[PDB]
């Protein structure tokens, strides 16, 4: 018995990550095993850890938490530092528009767990954590239940399958801070402290949980790990462009006929996502803009860009929010500004004051109560949230709104 969770639509052309998860229900260990589940774990244990890293490195797999860091290389970094080491699966996923990770957690927990155990073994981590946001209660319970199943079947515990490798996966929960999505802040939360991000460097792989090498990876990234071992690194590289190979989950929301997660190769364009896969816009309207979560804003003239991690690519977490012609740009920015106002942790002054003032001043503009200096002040604040900041929230807090002012000056002018 799990809490009520909406049936988010899921669709795939690759049939890897969404093979089971395209169906909106919990798939249990029996159903997973029938599909060759845990075969990859078994193959992994016969290999040495280093070999796995080679495979994941050669896979060209990159981080799915938005920074797009090469997983294989990240793993090598941790292993150069002496043990003990720790493995964290990042399941905080609180970014607006981003609901890709939960559907794996909720529908195919075992894909995740298989990826964690393999990942843990690669870096010689005998302790592993999942930090899942507190607003995903059904995910938490589903994962706890799934861990027990794997344990009962001998996938978790001491001397897993006579390998000699010991692993326990503990499930931690957040309590409503977006900032806990940042890896160092997550680590602080896991240490029972407030989620205040640590100054990097040191990186977690050098120094992380209890000052020990810690690899922090996203849910989606870890989910690819079983396929890499199962298929082999060469077969995996043939999925999508060699440039950015492998399955990518795209959470599409806003004004579309068919909003949900779409499993697709990364050479797919943003136009195809919206029109080919997402069904086009509601009411056959012209697309005004796409918000890449709370990170980027794209105009309708930038729709023919690959959904990859290239410089000209969409990038990020692939989160796709579509705004139509009816939707008010300024009103959208207000919500985005509001988002960073709430989620800034406040450690850094430009970030602390900047996020507040952007949100507060922008509300004045939208309501028509903004003085001449409020306008000039808002512009300045938007361009000075980033200074001295120790984590990426503060750097990107003004990024999207800036792009609206640039790409949509006319609608902004109306508000003056």
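Positions refer to the first chain, counted from 1.
**Q** Report the stretch with the higher mean CA temperature factor, choosing between 100 to 108 and 292 to 300 on the basis of the entry.
**A** Higher of the two, by average CA B-factor, is 292 to 300.
**Q** Which has the higher mean CA temperature factor in the PDB entry, 353 to 361 or 368 to 376?
**A** Averaging CA B-factors over each stretch, the winner is 368 to 376.
**Q** Would you mind finding, among 226, 247, 174, 162, the residue with the largest C-alpha temperature factor in the entry?
**A** Answer, based on the entry's C-alpha B-factors: 162.
**Q** Maximum C-alpha temperature factor per the entry, among 118, 330, 125, 130, belongs to which one?
**A** Largest recorded C-alpha B-factor: 330.
**Q** Please place residue 339 in the lowest, middle or highest third of its chain by C-alpha B factor as given in the entry.
**A** Lowest third.
**Q** Pull the Cα B-factor of residue 210 out of the PDB entry and bin it into the chain's lowest, middle or highest third.
**A** For residue 210, the deposited C-alpha B-factor lands in the middle third.
**Q** Considering only modelled residues of the same chain, in which third does the CA B-factor of residue 239 rank: lowest, middle or highest?
**A** Answer is highest: the recorded C-alpha B-factor places it there.
**Q** For residue 49, does the deposited CA B-factor place it in the lowest, middle or highest third of the chain?
**A** For residue 49, the deposited C-alpha B-factor lands in the highest third.
**Q** Quick check for you: using the entry's CA B-factors within this chain, is residue 383 in the lowest, middle or highest third?
**A** Middle third - that is where residue 383 ends up once the chain's C-alpha B-factors are sorted.
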